[PDB]
Amino acid sequence: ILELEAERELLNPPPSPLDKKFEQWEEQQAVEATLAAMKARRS
Amino acid sequence: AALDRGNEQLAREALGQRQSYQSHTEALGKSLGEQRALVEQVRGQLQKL
Amino acid sequence: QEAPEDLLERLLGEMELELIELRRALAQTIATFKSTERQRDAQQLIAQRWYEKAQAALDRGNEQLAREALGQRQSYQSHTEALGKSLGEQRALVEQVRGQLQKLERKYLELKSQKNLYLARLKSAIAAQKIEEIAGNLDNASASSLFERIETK
Amino acid sequence: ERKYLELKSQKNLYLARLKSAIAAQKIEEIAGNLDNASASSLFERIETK
Amino acid sequence: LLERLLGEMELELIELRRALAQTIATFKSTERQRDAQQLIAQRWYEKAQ
Amino acid sequence: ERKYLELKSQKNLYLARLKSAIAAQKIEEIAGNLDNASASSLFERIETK
Amino acid sequence: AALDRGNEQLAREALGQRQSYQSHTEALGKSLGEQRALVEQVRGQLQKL
């Protein structure tokens, strides 16, 4: 099992942690912007 | 609706929920905007043949 | 020798079977995980009952029977602990495999949504040269078939 | 008699994990993700043809 | 000789890939063994305490 | 893995150029252009016969 | 986008990331600009033959 998993992963590299950091940061920015626009539109 | 009554927490969780569906919508729109021109071209080829 | 486009539908059918196979296997896994949890609950219940008997035996100052019952309780306590350990281990693994199944089930239909377009484009491309062979357009006189051999004959 | 059912309680989990792992590379072969262009099958041979 | 040598290299590449996979596997296995050993040591330390 | 496909991306061009070069002298042999009368084949042996 | 909000660090890392892809783009453009003339010449030869 470990061999097959490692081989499949070796054929196609998973995303680097930097990519994860970037996507997490930008989705945080997105949710903040959306909630801010919502709570501002109500007033 | 959840933001109303000042219950910001549920609003935050729902806005977080919305993101996956937004992303899937974007991906599908991409794929369709791609495929359209190809079916147009193949239809033209069929006419000519 | 087989044609490459023919392998497409074959491999997709194979994968289609293999997906439901995986689903059935995961179902059976969930089943016994539930069964083991039930067994653990029954064991700890029996241990609690023996504890109640020991408590009752201590009443009336009959300490000896209380001692024997408390000694009896230990094996069931140990078995409860072991089963709790095993379950706390297995849970995360079934979570991970369920996630994997979700992702695969999505990717499969993702590919099935383009198999057809590829087949159509390939068939059009074949038909192109198919009738370009017969009765060449004679943009160049390099080669024409079935309308020149007949004409020359 | 105890140890036997002990092992039977994990045979199934092992089989499930192995089948999932196999299926992973099974459809990773067809239509590679093209994270790298090192090799892709059944969607490039068709495209190149 | 061109196509012959290219086919040979094509085989040899996937061979190398498989070997590296097996290497990664046992490296993980050895790490797991180390963790188990240090866990047992910690348990004996608890008993001593 | 990168360098391999790098070379595979030019094997074909080399083969094509070589085949063209061979075909050049192949039909230059038969029915020489007679820019010089040094040697012509299969259209002079027939003519002389 | 990362430079916006004054987060210069992520901008620096992303700009560093961009360089490898820029270099690969340049190399491939080089190779194509090379190959074009050769296929033109061989096509002309084929016509004449």
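Cut-off values and rules
Residues numbered from 1 in each chain as written, not as in the entry; some residues may be left out. Chains lettered and ligands numbered in written order. Part of a larger assembly, values for the part shown. Heavy atoms only, no water. Residues with missing side-chain atoms left out of burial classes, pairs and counts. Helix = DSSP H or I, 4+ residues; strand = E, 2+ residues; numbered from the N terminus. Rg over C-alpha atoms; globule rule 2.2 N^0.38 Å. Contact = heavy atoms within 4.5 Å. Buried area = accessible area lost by both parts, 1.4 Å probe. Salt bridge = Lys/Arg side-chain N within 4 Å of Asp/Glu carboxyl O. Polar contact = N/O pair within 3.5 Å; in protein donor to acceptor, adjacent residues only side chain to side chain. UniProt positions renumbered as here; feature names shortened; annotations may be inferred. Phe/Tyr/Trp six-rings, centres within 6.5 Å; stacked < 30°, edge-to-face > 60°.

- Judging from the entry metadata, cryo-EM is the method by which this structure was determined, and 3.6 Å is the reported resolution.

As for the overall build of chain C
1) Next: Looking only at helices and strands, one finds three helices and zero strands in chain C.
2) Next: The helix and strand sequence of chain C, counted from the amino end, reads α-α-α.
3) Next: The C-alpha radius of gyration of chain C comes to 36 Å, more than 25% above the 15 Å expected for a compact globule of 153 residues.
4) Next: Its C-alpha atoms give chain C principal-axis dimensions of about 125 × 25 × 15 Å.

Observations regarding the interface of chain D and chain C
Interfaces are often described in size by the accessible area the parts lose on coming together.
1) Next: With 22 residues of chain D in contact, the opposing surface of chain C contributes 28 residues.
2) Next: When chain D packs against chain C, close to 2500 Å² is buried across both sides, 67% of that on carbon and sulfur atoms.
3) Next: The tally of links between chain D and chain C comes to three salt bridges.
4) Next: When the shortest N-O distance is used, the salt bridge between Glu47(D) and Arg121(C) registers 3.9 Å.
5) Next: Where chain D meets chain C, there are five residue pairs in polar contact.
6) Next: Sorting the residues of the side of chain D that touches chain C by element identifies α1 (2–29) and α2 (45–48) of chain D as the ones contributing at least two each.
7) Next: At 15 residues, α1(D) tops the list of elements feeding residues into the side of chain D that touches chain C.

Structural notes on the UniProt feature "binding site: ADP 3" (unreviewed entry) in chain C
All names here are of chain C.
1) Next: Under the feature "binding site: ADP 3" (unreviewed entry), the UniProt entry names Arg23, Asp139, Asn140 and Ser144. For the annotated residues, spread through 122 residues, the largest C-alpha to C-alpha distance comes to 59.6 Å, inconsistent with a single compact locus.
2) Next: Within the fold, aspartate 139 resides in the loop between α2 (63–133) and α3 (149–152).
3) Next: Mapped onto the elements of the fold, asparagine 140 is located in the loop between α2 and α3.

Quick look at the packing of aromatic side chains
1) Next: Evaluation of the coordinates by the stated rule reveals one aromatic pair over all chains.
2) Next: Summarising the aromatic geometry, the rings of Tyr118(C) and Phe43(D) are spaced 4.9 Å apart at their centres and angled 85° between planes, so their arrangement reads as edge-to-face. Of the two residues, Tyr118(C) sits in helix α2 while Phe43(D) sits in the loop between α1 and α2, which places them in two different chains.

Description of the arrangement of the chains
1) Next: Contacts are most numerous between chains C and D, taken over all nine pairs of chains that touch.
2) Next: As for chain C relative to chain A, no contact occurs, and the smallest C-alpha gap between them is 12 Å.
3) Next: Between chain D and chain G there is no contact, and the shortest C-alpha to C-alpha distance separating them is 13 Å.

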